[PDB]
Structure formats: C-alpha cells, structure tokens
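First the structure, in the form of structure tokens, and then the observations on it.
In the text below, chain A, chain B and the rest are named by the order of the sequence lines, each starting its count at 1.
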Number of protein chains: 4
Amino acid sequence: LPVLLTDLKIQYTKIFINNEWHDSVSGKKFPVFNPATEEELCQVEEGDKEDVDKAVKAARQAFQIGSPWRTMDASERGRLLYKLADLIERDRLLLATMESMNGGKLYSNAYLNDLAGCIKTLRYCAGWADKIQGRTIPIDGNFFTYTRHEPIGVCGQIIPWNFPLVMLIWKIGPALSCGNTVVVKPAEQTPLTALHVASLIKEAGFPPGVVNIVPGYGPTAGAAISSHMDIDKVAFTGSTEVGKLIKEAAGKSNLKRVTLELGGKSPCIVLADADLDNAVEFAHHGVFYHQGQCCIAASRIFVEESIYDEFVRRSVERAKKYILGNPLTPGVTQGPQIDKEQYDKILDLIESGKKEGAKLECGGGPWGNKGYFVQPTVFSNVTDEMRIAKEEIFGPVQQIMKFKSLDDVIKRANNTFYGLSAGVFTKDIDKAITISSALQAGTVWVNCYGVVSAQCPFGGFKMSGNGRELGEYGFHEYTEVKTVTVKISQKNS
Amino acid sequence: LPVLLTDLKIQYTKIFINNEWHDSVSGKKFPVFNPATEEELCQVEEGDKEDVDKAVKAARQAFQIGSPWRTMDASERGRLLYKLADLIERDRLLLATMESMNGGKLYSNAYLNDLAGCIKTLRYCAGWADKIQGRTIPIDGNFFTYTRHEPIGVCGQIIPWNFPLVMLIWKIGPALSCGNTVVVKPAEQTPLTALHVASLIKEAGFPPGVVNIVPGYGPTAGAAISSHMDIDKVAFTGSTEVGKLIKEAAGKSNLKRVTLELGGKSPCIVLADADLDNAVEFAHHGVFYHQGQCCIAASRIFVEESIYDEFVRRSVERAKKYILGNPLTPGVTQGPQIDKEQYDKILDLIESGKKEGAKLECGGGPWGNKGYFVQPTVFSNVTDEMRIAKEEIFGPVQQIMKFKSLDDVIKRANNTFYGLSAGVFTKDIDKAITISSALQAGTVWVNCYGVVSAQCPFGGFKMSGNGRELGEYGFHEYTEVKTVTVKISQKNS
Amino acid sequence: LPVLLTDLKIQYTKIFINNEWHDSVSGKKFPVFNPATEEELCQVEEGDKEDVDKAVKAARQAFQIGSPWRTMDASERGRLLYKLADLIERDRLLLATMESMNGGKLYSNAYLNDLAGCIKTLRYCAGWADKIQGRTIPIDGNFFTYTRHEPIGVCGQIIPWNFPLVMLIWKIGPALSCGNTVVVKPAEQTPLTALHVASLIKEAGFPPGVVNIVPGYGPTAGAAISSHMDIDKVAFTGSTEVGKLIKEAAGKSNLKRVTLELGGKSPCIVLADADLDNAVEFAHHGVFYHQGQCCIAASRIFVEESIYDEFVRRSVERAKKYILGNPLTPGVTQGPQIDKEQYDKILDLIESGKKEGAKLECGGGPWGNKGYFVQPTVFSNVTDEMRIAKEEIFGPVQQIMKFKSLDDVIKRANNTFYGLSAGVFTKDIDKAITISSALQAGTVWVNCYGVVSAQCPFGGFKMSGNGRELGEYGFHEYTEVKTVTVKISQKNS
Amino acid sequence: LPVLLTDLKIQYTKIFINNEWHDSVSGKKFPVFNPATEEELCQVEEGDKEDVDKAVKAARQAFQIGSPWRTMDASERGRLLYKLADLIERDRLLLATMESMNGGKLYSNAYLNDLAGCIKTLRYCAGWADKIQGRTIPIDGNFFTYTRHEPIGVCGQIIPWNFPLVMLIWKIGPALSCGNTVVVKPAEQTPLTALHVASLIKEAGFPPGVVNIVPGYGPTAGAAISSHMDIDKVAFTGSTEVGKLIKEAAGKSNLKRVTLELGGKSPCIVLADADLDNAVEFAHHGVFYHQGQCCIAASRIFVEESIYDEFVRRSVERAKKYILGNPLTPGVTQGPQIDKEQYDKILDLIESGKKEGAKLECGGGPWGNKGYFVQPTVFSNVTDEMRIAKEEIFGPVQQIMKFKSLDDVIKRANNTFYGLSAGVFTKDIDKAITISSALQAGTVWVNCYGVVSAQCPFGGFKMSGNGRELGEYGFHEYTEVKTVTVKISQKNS
Ligand SMILES: NC(=O)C1=CN([C@@H]2O[C@H](COP(=O)(O)OP(=O)(O)OC[C@H]3O[C@@H](n4cnc5c(N)ncnc54)[C@H](O)[C@@H]3O)[C@@H](O)[C@H]2O)C=CC1
Ligand SMILES: [Cl-]
Ligand SMILES: [Cl-]
Ligand SMILES: [Cl-]
Ligand SMILES: [Cl-]
Ligand SMILES: [Cl-]
Ligand SMILES: [Cl-]
Ligand SMILES: [Cl-]
Ligand SMILES: [Cl-]
Ligand SMILES: [Cl-]
Ligand SMILES: [Cl-]
Ligand SMILES: [Cl-]
Ligand SMILES: [Cl-]
Ligand SMILES: [Yb+3]
Ligand SMILES: [Yb+3]
Ligand SMILES: [Yb+3]
Ligand SMILES: [Yb+3]
Ligand SMILES: [Yb+3]
Ligand SMILES: [Yb+3]
Ligand SMILES: [Yb+3]
Ligand SMILES: [Yb+3]
C-alpha cells in the first residue's frame, strides 16, 4: 500500500467542454467538502442548463458524420481507452488520495479496489471497440440485408457520490468504446476525481467534444440533461426517486433512451448446510463495505433457525472490530458517511429499528465530534414490515432474520420492489441452482457476495433499474441498430 | 386469391383471461364499426382498469416459478407457437375477411400480405424459443459465472388499428418464445381479429393466463396497463403523443421496461443515376400502401433536379390509376381510412398543403357518400417548413421535393425528430453505402422500399421509437439477464 | 406404446439420386439381415465408386449458383425440414418397426427414443435455417466488411448401424438447414430406414439432388466418398480405425473438410457423498443401453472405496433383471448385438476379462440358438491395464473399479486416447464444477448420464473425434465463411 | 521511416523451451542466409524429433490443470499479450531490420506493414482473451446445461518464410489468447525474428513452457510435430504438398485437429464500368507485393475486352518502374526472392509462359550477379490451360487475360482447386454483390485488393485451406467445446 509522499494539491475545478476549461456561464461556484472533517476543500464551477447546452453542442459536433471520432478506426478508439487506463495507472496515488479525501473512502480500498477496478474496466472496454459487430441476415426475397451497430449519439451520464471514479469509468468506458460522445454530470458531493480524469482525457488525445464534464447540482444540471432535446440517451445511477424523475423527463422531452441503476434491498439466504464462517464473512462484508454505501448491500440476511443464533453471534463479534476515523490514516477501517442528508437518514432508520422492536446487538448511534460517522450496527429478530427491512439504509446497518421454510423465505426475499442482487449460501448443487433461478435479482452470488467484474453484466430486476452495464451485454445499450436492405437481382445462400 | 364462400359470422366479442371469456366487470360494451360503410358490426365487451387487474393477476400466476409455462421445455413453447401458426393458416380466409371488414384493409393485401406475414413471423419466433442462450464468462478470480436470459414477466402490449393481426403477432410471438406472459390491449377500432386468435391460443393448448386479451379504450384500458404496479414491461405501437404518456406513466408507477414504435416522416433520396421507373414504383407503393396508414410511409421524396420533372410526371400517372370502394370487392385498389379522427386529420393536412403553397397534382378531397375515403393525392414543390413535410399524415398523400446538393439533402432528410426508415435509390456502390450510413433511420432500403421480414430487426431512431422488434435483436428486449457467480476452490481456463 | 397393426412390407431398396430410384451401375445387390433371427430380410442395390460419382454430380448440380436450393429463402429450407419431420411423425410406427427389425433395437426404445429424437432434432434444425447470420466488421481503413456464412457444398456423410435413423438426421438436419447438398452412405447392416426417409424427402418437396442416398459397403462406397475430388466435406461416425482412414484419404485427395465421431471409453467417478441409487441407475443405463452399442457407453465406473461394495452389489442386482429375445416382443428388455463381427469382438473381450483376472459377477457368455445375443455382464475389481478397461467393447459389459484418491482417479479417467463423455456423481458444488472442468471429455454429466438433446453440441476430445454436432455449434461445421471487403470513400462508425 | 542507427547484431540462435535457450540434442547447427547477397548470416541450433519431444513435454506441463497458465485470469493472459505487443513496438527498428535482412523483405514494408500488423494483431488478440464465452442452453428435461470454450491444449504451429513475423503472431496470438500452449517451428530460411520474439516472451512474463520455439527443417522438425502423439492441434501455412502430408500424418497418428492455409491462384474480374486506374493499381500491387511471395497474389486478372488493351498498357508502364537491389537501401522497391528453390521455380514457370505462347510484355529473366532476383514480368493473352494460369508462381509474374462473357468469366475464375481470395472491380451495386457471392473464395475484395485486418477472418475455400484465422472466427479453431449437463429437481425458464 504505497502513498502519495507529497500533499495533494487540487488543480482542476472547472467545467470541461471541447477539451478546455470553462467557467460557469453564470460565474457561480459551489463548495466541495471533506466528509471526515466537514471542512471545505475547494470551490468548483457550478454548471447549470446554459453550460449543459454548451457541452451538448460540443458533443453533438464531435459526433457529426465526417468528424474525427466518427471516422477513426474502431481499433483507435480502443487505443485511446487503453492509453487513458495507463494514465490513470500513472496517477493512481493521486487519484486514490483525492477519492478518499473527497469521498470519505478508506484509502486502502480507494487504492486497491476502486482504482484497480477503474483501470481493469477501461482495459476491458478498450478491447471491445473493434469487436462490436453487426449481422448479415438471410431475409426472405432477393435482397442483401445487413445491420450496423452504430453508436447512439450524445449520451448524458449522471453519476453518484459513492463510487465517483468507478462509476465514471463504467459509464464512459462502454459509451466511448461503442463510439458515442458524452456529457457527464458528477455528483455535487464528489466532482474532483472526474475533472482530474478529464485532464487525462485531453492528455490521451481524445478529440475535443468526445467527453465533456459539467459539475453541478441535480435539479439544475441533471434535470437539464434529462430534459434536453438533443441528448439521445441518459444513463443514471442513484436514488429511485430521481430515477423516476429522469424517466418522466425523458418521456416529456424527446423520448431519449434511458438506463437506470437504483440500489436495492438485497437478500441473502443462508441454509443450514452452509459453510457458516464463509457465509458470516461474506454477508458481513456485503453490508458494511464502504460504510454501507453500496447499491448491492446485503441488507436482509435470512438464516435457517438451527444456525441462526450462531450466525448472529459470529456476526456481532465481527461488527465490533472496527476503528473509526479519517480514511487516510492506516489502520482506520471505517470512514464517515458522505454527508448530512445521508447521515440523518441512517440515524432515523436506526431509531425506527429500535422503536419497531428489532433487537439491537451493537452500535445504534453517532460517533466523534466531527465527520458524518455512524457506529456499525447490527439488528437481529428483524421482521418484514419494519422500515429497516424495507427501505435502503445506505449506512453500516446489518439486518438479520430467521427462517425455517425455504419456499417461504424465497417469497420473503422476492417480496420487494427492489431486485439488484442476492446471495445464496449452501453446499448443495440442486438448491444453489434452483434457488438462484427463483430469486428475482440481477446478480445472484452463490457462497460469496459482492463479486463484480468487468466481464459480467450488472443491473436490476424491477425497480432496481433497467438495462445492464458491463460484460458483452452492457455494450448493447450503447448502440443503435440500423438495418440496411439492398435489392439485388438474385440471391444465393 | 381464394375467398370465404360463406358470410362471415362474428363470434368472439368478450374479454379473454385464463383461457375463458369474461364480460366486463362494469357490464359495459362498446360498438365496432366497418370503415367502408360506417355501419356497426357488433358490440364487444369494454375492458377497463378492473378487467386489466384481472388479466394481470392471471398473467402473474401463469408466470410463477413451478408453473406449467415456466417449467415446460423451451422447445415446447416453440411447438405451441408453431401450432398457433398452423391454426391461423387454417382460419386464413376467415381472418383475412375479418381483418378487411373491420380494418378497411383491401382483402387481397389482407390475405396475401398480412396473413402470410402473421404466419411466417410466428414460425420464425417458434424457431428461436430453444435457441435463446446465456453465457459462461471467464470472470477474474476463482469463480464460475454464467448468465441466464430469463423471461421478464408480465408484458402489457398495446396494439394499433392499422395492422391489427401483424402487430398482435409481432408482439406476442417474441414475448411468448422467450417465456413471458402477456396482457394484450387491441385498438378500440379493431378488437375482432385479436379475439379470434385468442380462441386459437386456447385451441393450440397454451396454458391459461399465458395470453390474456382485454379489448377496450386507450385512456382507460391502456392507461391502466401503462400505470400498473405488477406489469414488468409494456410494448406499444402508435402515436408519439401516447408514446410519451406511456413512458411517463411507466416512470411514475413501477419503472417498467418500455418499448415504443411511433411512426415517422420517412424520406427517400433519389439520385440522378437511379433506375427511375424502379424508384417511382417503390416510392409510390411506399406512401400509398394501405391508404397511407403505415408507420414507414415514404412521406418525403427528394429527387435530384435533373430527373425531378420526369419523376413527378410518372408518379402522378401512377397515382391516377386507383379504384376506390369496399375493400372486399375484387378490382378495388384503395379502401377507406380507419375512422373520423384520421379522416379529419388527413383532410386538414391536405388543406394546409394547398394554403401553404404546395403544387397539387391530383386528388385533394374526399370521395363517396359513405366511408372514410380520401382521394390519392400528390403534392410537388413541397418545401421543408410546410406541415405536409413535417407532420405524419397517415393518409394517401405523397410529397415530392427537389434537391441539387447531396450534403444538403442528407441534412434535410435528417432534420426531423422522426427516424423510422429511409430509402436511397442509386446505382453507385459508394453512395449507397455512405448515404445509408449517414441517414438517421432504423431501416434504410437501397433501390427498394417497405421490405420488412421476420429475420430483421425493425425500430426507430430518435422519436420514432426505442428498442427493436423481430430478428435476433428483438428477442433481447423480451429477456431479463441474470448473472450467477459461484465461488469455487480453483478455476482452470 | 402403439404398434403397427399390419405386417411390415419393405419397399425401398434402391439407390436414391436426383429424387429417383436407381439400380447399381454394376447390377449387383447385397443382402440385409435381421440380427435377432440371422434371417435375410431383403436385397438392396449395392452402390460403389461409379454410383457415388453419380450421386456427387447430382449434389454438385443441385448446389450450383442459380439453382432452386441455392436461391430459395432460408425460411423455406426450414419449412422443408419441418415438413420432413411431420412426415416422419406420420410414418413413426413403420419406421420404428423397421429400425427394430433391421437394427436389433428394442421396439419401445425405437419408438419412444429414437423416433422422437429424430423428429425433435429435425424441428430444431428447421428453426436454425433462417437464423444463420454473418457479421459486419469495423475493419481498419475506409472499407465496408461483411461476412457470409455460406453452405460448404457437397457433403458426404457416412453413418453407422447403431442409431441408423438418429444419425441420418443428425447429419442431414444441420447440413440441409445450412444449405448444403448431401451424399449419404448408410451402414451396410442398416440401409433400410434411410431409404424410407429418402421417399419422404421426395414427398416433402426437396429439390432433386439435394439429398442422395447410396447404400453400400465401407471400403467401396465409403472410400469413394472419402477420396472423391468433388466432395467438399465428409462427416463420419464409427470406428477409430476408419476415422483414421477417412482423414488420410481426405488429405491425399482434395483436402476436404473432415469431421469425425469415434466412440469412447467414457468414465464415471462416483464420490462417497453421491446419491448412490441415482448413481447406480444412471451408470447402469449408461453402459447397457441398446446392448452397449453406444458411443457414450459408461464403460469405466470408478467408485470411492467406502461405497464401492454397495455399488457393486446394487449394480449386479440390476444387471440380473433382463429378458433377452426378439426386440419386437413387448416385455423383452435386451435385444441382440448387430452382427457376427461385433458379437465375436464382445465374447473375446469378455474372455480377456476373465483371463486377466477381473472379478466376474454375472453373465460372461452367449445366449440362445439364434441371434447375436450376449448375456449382460458385470466385472468388478477391474484395473487399468486390462483390455476391458482400455478397449471400447460396444457390448453389454460393465466395468467397475475402485478408488480412494480423487487427484489419482481424475488422472486415471483422463489416461486414455478417448474423450467423448464422462459422468460425475456428487452432492458438492465445488467438486461438481472442478471435476467437470478437469475431465478431458466433450460432454460431462453431473448426477445423470446419457442426456443428449438437439440443443447441445456433442463431440469428442482427443481421438474420440473432431468437431461438434448439434446445438448452435454444430451448424458452424456446415458453413464456409466468406469475407467481403468493399472500398469506400469514407467510413463512419 | 526511421532506421537502426547501429549495425544489427544477432544474438538469439538457440532452441527455446521452458523460457531458456537449449542446444540441439544432436549438437548440430544449420546455416541461415541473406537472400540479397547469398552470404551466411549465422548458424542456428538445428531442432529435430528429440527437441520437439522436449518442447512438447514443456507445453504439456504448462497446460496441466492447476498450472499458472491454466489458473490465471483470462484478463491476465490478455495483459501478457498486450505487454508483448509493447515490447515488439520497442524493438521495432531491430525486428524490421532483422526481417528485411534474413527475409529479403523491403525495409520500408518490413517496418510500416509487417511490424505494424504484428503489433495491431497482438493487441486485437489481447482484447479477446476475457471475452471468449460459452453458453447456457435451455435443453429439454430437468437439467442445467452450459458449455465451456476451453483451450484445446498443445498446439504445434509451422510457419513459412514469406511473412515470418506476421505469421508467428497470427498463430500465437489467438492460440495464447484462448489459453493454449504452443510449439512453434519457424521456416528453416527465417528462424531469426521468431527467436528474438521468444526473448520478448520471456521478458513479458509468460510462464515457462507456454511458448516454445524449435527452429529446424520441415521433414525433420515439422514432421515430428505433425506425427506427434501428444500435440492436440497443428496449424500450418505453406505449400499444398506439405498441407497434404500434414493432414495425412495427423490422421495416422492421433487425429489431432488440423488447420491449413495453402496459397492460391486468386483471380480478379475487371468489368468495363470499373474505375480503371484504381483497378490497375490494386491488381498491380496485388501480384507484385513482396516479390510476388504472397498467398493472396492476384495471379489471374480477367479484364473485359473493351478495356483490356488499355488495362494491359497501363499495367506494363507500372511494372517497368521498379529498382531492384538490397532491401535495406532506401529507394529500392524490389528485393530478392527467398532462395534457390523458389528462384528456379519462378524462372521455369516464366519459361513455360514464353513456350506455351503467352505474350511477354516486360521482364522474363534474372537480374544481377548475386541474390535471387527476378525481373518483374508481365504476360498478356494468357489462356486457362497454360502453367502460368494454373500454378502458383510465388514470384513477380503478372498474368492478364481477356473476357467478354460474365457467366463465362466467373466459371473460369472458379475453375481451380485453389480458393483463397478474389477481386471484383465494378461501379455497379448488383454486380458487386452477385459476383462476390458466386466467387468460390475465402476473401473477396470489391474495388480494392489485399486488404487484410485483424478484425476479419481469413482462409481458403477448397484446396487453399481449411479453417479461418483472425476475427472472431479465428478464435473458434483454438477452443475445444465442452458441454456440462447437470441434473436438477426442476427447471424454470
Ligand atoms: N406507429 C404506427 O404504426 C401508428 C401511428 N399512429 C399515429 O398516431 C396518430 C393518431 O392515431 P390514434 O389512433 O389516436 O393512435 P393512438 O396512439 O392514440 O392509438 C394506438 C393505441 O394506443 C391506445 N391508447 C390511446 N390512448 C392511450 C393512453 N392514454 N394510454 C395507453 N394507450 C392508449 C389506443 O387505444 C390504441 O390501442 C395517427 O394519425 C398516426 O399518425 C397511429 C397508429 C399506428
Ligand atoms: Cl434529490
Ligand atoms: Cl437532495
Ligand atoms: Cl433530495
Ligand atoms: Cl389519444
Ligand atoms: Cl383519441
Ligand atoms: Cl386522441
Ligand atoms: Cl472396417
Ligand atoms: Cl469390417
Ligand atoms: Cl473391419
Ligand atoms: Cl517440402
Ligand atoms: Cl523443400
Ligand atoms: Cl521440397
Ligand atoms: Yb437527492
Ligand atoms: Yb456535529
Ligand atoms: Yb389518440
Ligand atoms: Yb359523410
Ligand atoms: Yb469395420
Ligand atoms: Yb450360432
Ligand atoms: Yb518444400
Ligand atoms: Yb548466381
């Protein structure tokens, strides 16, 4: 675990359009905070509708037929992405430090997980660029028919604050590999890593207007994306509420394509035959990773009665071992929550747990004199009508529940409007296969949890989202299929 | 061209849920008319929110894990579809007559085109059922990862009145092949063929609740589909306005998946080197097929100056050869428009053409003492700001325009919020390829027009829709991808 | 289990070329026998080099550019195949009776398994015909590149006597769906079902010369196929020895494409945690199905020491329950071996088992006064250097072996030049996955055996064959890929 | 065009097995010559059967289950390949100089074409490694079925002398991306670039035994590959004669998988409407590139009568513009032929042209006092029974022929046992499509020639080879498909 051996200096704080830095049209700036100290870190230009319009015009122009982005070899798009990945690898110390400081993310995770996942995903995406293929099709009649899998066009991409760099790369990686141009709006909480990457996009050699980054607020810069008449597609990760607003604004404006990833209330089912220690460890890391601020948080754990008390006890001993503090100090193993809204929401939900009658096993309150810290918290004997069983908490708050009937527990796992992920822990082949098939979730892990790789499509069932990101599948949402059918005198198979 | 040698008797007029006929919960019925006579043909049960709720519960139940539709072999879903196609082939005379009478569709087309396309598309779809495959994926780490391409669930499908039977099959064919259950709402104008097919679904042996058909109105039965909390996906073909309402209602309710096909203002570009007679014929059939009531109507024809006057003259001579009347009488080559709304809209747009200064070459008014007939109408010297150049007419109304610059005419072809289809007529390889690539349209025909086959994906760019129907691609919109990732002790390539 | 209620009358006994019946050029005929009685059933025209040349010229002509087979819609090839499947379904009683009588195959299996598999496989293949697609490829430079997946051309197909009808359909199904023409040489032992199917090919409406069937001998009619200068591809199922001759003759002549399926010595590994009864049943049916005359015969069964004696005992009790006799009489559960060569080979191998020191548990000799019957035979304490552990017996002869080390038993399972299939019986997820990955075999069954479906590719590792048949994969071996690359003025993604 | 500014020093001259340098078991060495001077350049260790056995054992061991090559992430195989490409890019000057000196290849081509194609192809292949996916398959019955696309195993790869570096990378790139281990035998004429790349394989970090390189002779080291009992697959580019020997030896030994690329006699058809200058240029470069020593050499040019004399005249003026000499000196535009065998064969064929009555337009003899130089030579009025129209010359020798009937000229183009490539030059869409479909060739170029990219599959019809290399398709020949079918209690779609 190497570290930056010189204090981090923030440099890129402006709006990035056509590979140059622009001040906000209004001249307004907004503050950016560190969540562990509540101290301001810098001011960033505040983008709004007028700046979005500028980014969109640049993106549109970069996408015109005959332009350098449209006419370069697909293999050269791939090369640009590969080069960006090498540049990110060059600035890894810096970016991981910036991510940790701005995002409240543990430095060891920022460096070993986030940054590594950024680099690997870009390289994965680089590899697809010249391997996106259409078809030739044996249509009835004397015709030659082929399809092109073209890029869609200008894609607006609204990113959240929990994984600012991973999510930036998950969005722009596929979009760019397929040949699209993008207008990115980072989360207001966490604009900084995105703007450093924009400096690397320029340095890699991407043509101007291919990537534009407009820091700003949601109901301002985000709503101007979602309602824009010349944006062909919008991709969004974040809250359900906003997902609904995005889909509505899309329908009202120009029927732009929409893909969403919206969090979850993901269940694990631990059968009596499970390797218990393995199940406790993965369920634990499933819910507590990054202060609970993961979409796939393992936030309902159903354990068969006969091993339930052992499961609860082992889980509590594990939750009691954290050291809270500044995510930059080695040995610190739990950072702060991102901000006051999230902090309030977590405390309120913990309170509802106590009031509705859940059994509190540890934690249950705030921590420290500054920073948005919450004690890791475990509730046992949770039941299905409680707020902590139904609502995404997005904090370090584990719910543990009992079951004795397998048909019953699968219905309880499925009885939610969410559907992002689930975990099954069993040694039996048949149950692993039949349970995983019956679960209404986009990713199901068997005997593990939270395993996410560039090679696999990732996305929700139900209100956890639509579409898929990554894997071969993800690239489909970033193309528009055109059929060309040509009259010929006579066809031959 | 064989005919039904016994008068058509209407038999199925009720709501179809769980393979039985139901009266409307309200007890209300609505009338159904013949467009060529304006006479009522029968009354049909009027479905509303309460009946949609019943159809959805049946569909949901038919989709439960462990049910006959979920556990039967994929090859047996395929077999059911094949059998349905054979039954439709058995009742071809009847269905074509019913289609013609209710839909105002020329009998020869109903029999030779629609019914044939219904049968072929079903058989195409039957073939995919056991050929829908997921993947195994060489994920980083010691895991086994696979995907399932599962059915999505309960699909609501809202069909229009222009191609009632083709569009029913385009919707249910893929949906069923992939393993979904469906709630279909036929157009209020044209419920009858759908309900006859429901009798054939029962006779083929589909399990109850797999297909449910709820005739009724749009803002009642359609809005209850689009806003329903237990419908996983909605597919819709029809007007832009309603498309926007559907997408909005989806976002407000349960973030159901949405696919739309929304018509167009599709352009042809006729270059000076084109086979002129071939271009005139295909552009003509492109705009006048089924009384102009096609989504892909070739409604802006740009012709290079040097052949423009010849193109116009030949086009007018062709338009002057129709015989209007009842679509059942042989020799009749133009039927009525579907109803009064559409009829009024077409007359109004024709009037705007005259007023805005287009040159009228033939037609321009109504015809007959009954039926919603419009004379085939040709406008030359149309220019791009006129209503007849911008708005989908959906009537027999051809627009012909001039160009001399190729870069310019491609911008004019693209300068529309629509993007369903386009045609290019040239003998030159390079232009065919480069023009077809630059056109912002879902299907581009070269030296032909209106060629649509089950083997090709079909759908819009821009506001002409999202998603694709048919071909291999179409089946993708009817699956939900699940990733299953299993921990293993050691992987080996 | 319905039966033919009228004595079977043999009708088609000639060479089938250009959809007509031809006598041998030489005028020679050969006899065909029933294996259960050793009585002659009829004489069949004997095809040789001169008749193969005639069939090849017909096939070549049917494949010319501009011919009806090359220019018909792919969907219509599919329709012909579907129709053939319906005709086979019509003549099911007859064909199953013919298969049983000529092939020594139990009537219940012939009817319920073979004929059903013939019908299902044809229908599967019918479905692929218009779903074979090439690609469009984003090549470097200003080019348009696409591929066609064309048929290869004239395919020679040499079929064995164990599954005459299944294997005929496995060969012609894919070949025809892809658009090839074929010259089929059925086994000399079993020409009759093939020639009845040829009558159905004519009746279905296949153009002449698309399918040609040349009954005859191996070193005559088969060698003329394998060495022919105008046959593009040869597919073969049968002995290793002949496989080597085919591959050699291909290399010496015209470098025709070659695919082989060559039998095996397929192992099962039964772990201590296995459901024992399930493992005994499937291993039993694995080796004894169709008198042991299956390529995938489970001919080495390794069982963990701690359950080995129980496994052996249960296996012997199951083997002792057969009734030998004429495969047409209900209640008969073991038929004869196909002929004297096979009969001698099985007796000789049984003798070597006794002499080399294997423990004989039941059977071990011939049965009856006529027919090529062998008693079902079980050997325990078999060890790896014995002939019965190394050589494919192709008779009802089960070998059961002991193991205690899992690494060791996987090496023993793999230590063979064969590699067709294998079985693993365990309840543990990890072992199922890691064992199946380590086994050098084309199909691995987990907790079952002998499960073969049209949807799965099927074929050998190592000397068990090359290429794959069926599934999506199988269709690849029946196409030839052509790349077409077109210069254009400017490409755009 | 940069150059090596220091004399080339040859360093790697030994056999490469398990990432170390080995002397021949026999202690024998063979000489390596420069073709432009006929001077010896160095001695190289001579590998034979005994050294092949050593390389095969190393490859086999590197492929064992549990080894580092089998257990590393697919993405890390990809990373190794990417790193190798960067190392080759680092040593580009050196390798291009070495290629030119040893291979008689023009330095500008070696640097700008060969080395660039090596680098691009490796990077293309790097991208596929973690994108090779199997399937999940909806088999009939209650089973879970998936396929693995595993590597095949030990692949022997025999490379020719015309494109030593390109062909090395075309072989090892896909093989390695898919996870195979390889034993490479470079051409005796040109072992040197291969052994330098082996030093880069070691430096990149490939595990030992993954790549082994055994320089030596064909009937010794090559025949030991083709007949080896533990080599799973052999890939070969070279002469037809040897292709037949390889396929035969494969069949006699262990039925190893075989893929061949075997040269051609590729035709161009120039229609009267063609851009004539474009056709002359591309046909010219088609036949004369690399001294005619290309498999895809455009060695029969059929030109429509009405433009034939103009075509011939322009072609001759172009052929007259070369400067022969040492391929290292700038301004030199034609190098020597590779060696005496090839030199003799070319002179002999030129002589047969003169004797059989072809019209000689220029060249026709040797050149210089040292080096294997041949004058660029043009023959017009060639007719189809002449040796120069039938036999692959593999020298700078252009044949130009007349036609007036299009059906006739397509038969003449197809009337050959070769089938590698062809060219069509026309401005007409229909002819481009219908001619390209009727030509029996693996790649057909339209309005260009010799366009080969990593993204496209490449290979022969007929005796020009079997299988395909590169593109998505190429990777298929380097996997072995395994089906795993698992019994389950109940399946659900
Ligand atoms: N894409 C196409 O092929 C079609 C395009 N159109 C276009 O739209 C214009 C208007 O025609 P209309 O018949 O009014 O089409 P419409 O779009 O309103 O009717 C089509 C279908 O949508 C249903 N519908 C209507 N209102 C709805 C609502 N609020 N929620 C859910 N479903 C609803 C109708 O009941 C019918 O089943 C036409 O002149 C034509 O330009 C119309 C029909 C088909
Ligand atoms: Cl908000
Ligand atoms: Cl907010
Ligand atoms: Cl808010
Ligand atoms: Cl409406
Ligand atoms: Cl309305
Ligand atoms: Cl309305
Ligand atoms: Cl033999
Ligand atoms: Cl024999
Ligand atoms: Cl023999
Ligand atoms: Cl040789
Ligand atoms: Cl030689
Ligand atoms: Cl030689
Ligand atoms: Yb918010
Ligand atoms: Yb505070
Ligand atoms: Yb409407
Ligand atoms: Yb009226
Ligand atoms: Yb034999
Ligand atoms: Yb006997
Ligand atoms: Yb040679
Ligand atoms: Yb000399």
Proximal component of B:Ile139, with respect to chain A [non-hydrogen, under 4.5 Å]: both
Chain A interface, residue from B:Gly141, B:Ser253, B:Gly66 that has the most non-hydrogen pairs under 4.5 Å: B:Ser253
Segment of B:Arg135 engaging chain A (4.5 angstrom heavy-atom cut-off): both
Heavy-atom pair with the smallest gap, counting every atom of B:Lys247 and A:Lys256: NZ-O, 2.6 Å
Distance in Å, B:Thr485 OG1 paired with A:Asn447 CG, rounded so as to fall on 0.5 Å steps: 12.0 Å
Contact summary for B:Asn278 and A:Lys487, nearest pair of heavy atoms: OD1-CE, 3.7 Å
Neighbours of chain A found in residues 116-123 of chain B - heavy atoms under 4.5 Å: B:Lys120
Proximity breakdown for B:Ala432 and chain A, heavy-atom pairs closer than 4.5 Å: neither
Pairwise distance CG(A:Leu470) to CD1(B:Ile137) - rounded to 0.5 angstrom: 10.5 Å
Distance, nearest 0.5 Å, that separates OG1 of A:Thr240 from CG of B:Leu255: 7.5 Å
Flag, side chain of A:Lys482 to backbone of B:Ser436, donor-acceptor distance under 3.5 Å: yes
Contact winner vs chain A - B:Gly153, B:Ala441, B:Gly471, heavy-atom pairs under 4.5 Å: B:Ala441
Residue-level contacts of residues 406-422 of chain A with chain B, using a heavy-atom cutoff under 4.5 Å: A:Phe417
Spacing of A:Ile152 atom CD1 and B:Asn466 atom CG [to the nearest 0.5 Å]: 10.0 Å
Residue, of A:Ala454, A:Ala438, A:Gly459, that accumulates the most heavy atom pairs under 4.5 Å with chain B: A:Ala438
Positive for side-chain contact (heavy atoms from CB on, under 4.5 Å) with B:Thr443, one of A:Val481, A:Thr145, A:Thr483, A:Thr147: A:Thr483
Pick from B:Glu472, B:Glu248, B:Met463 with the largest number of heavy-atom pairs that fall under 4.5 Å of chain A: B:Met463
Contact leader toward chain B among A:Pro457, A:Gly467, A:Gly465, A:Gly243, where contacts are heavy-atom pairs under 4.5 Å: A:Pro457
Proximity breakdown for B:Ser437 and chain A, heavy-atom pairs closer than 4.5 Å: both
Heavy-atom contact with chain A under 4.5 Å, split by part of B:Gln64: neither
Proximity breakdown for B:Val424 and chain A, heavy-atom pairs closer than 4.5 Å: neither
Ring pair (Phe, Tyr, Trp, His ring centres under 6.0 Å): pairs with one or both residues in residues 133-155 of chain B, sequence neighbours excluded: A:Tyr473-B:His149, B:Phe144-B:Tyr146, B:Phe144-D:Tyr146, B:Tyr146-D:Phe144
Residue B:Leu262 versus chain A: region with a heavy atom under 4.5 Å: side chain
Pairs of heavy atoms under 4.5 Å with chain B: top-ranked of A:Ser453, A:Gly442, A:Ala249: A:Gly442
N-O pairing of A:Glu480 and B:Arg468 below 4.0 Å: yes
Residue selection (most heavy-atom pairs with chain A, distance under 4.5 Å) from B:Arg257, B:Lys252, B:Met229: B:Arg257
Top of A:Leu260, A:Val446, A:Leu439 for chain B proximity - count of heavy-atom pairs under 4.5 angstrom: A:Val446
Residue pairs passing the ring pair (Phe, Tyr, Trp, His ring centres under 6.0 Å) test where at least one lies in residues 426-472 of chain B, sequence neighbours excluded: B:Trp170-B:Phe458, B:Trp445-B:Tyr449
Check: A:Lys244 side chain, B:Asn254 main-chain N or O, donor-acceptor pair, under 3.5 Å: no
B:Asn142 CG to A:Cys448 SG distance, which is reported to the nearest 0.5 Å: 11.0 Å
Atom NZ of A:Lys431: over 12 foreign heavy atoms under 6.0 Å: no
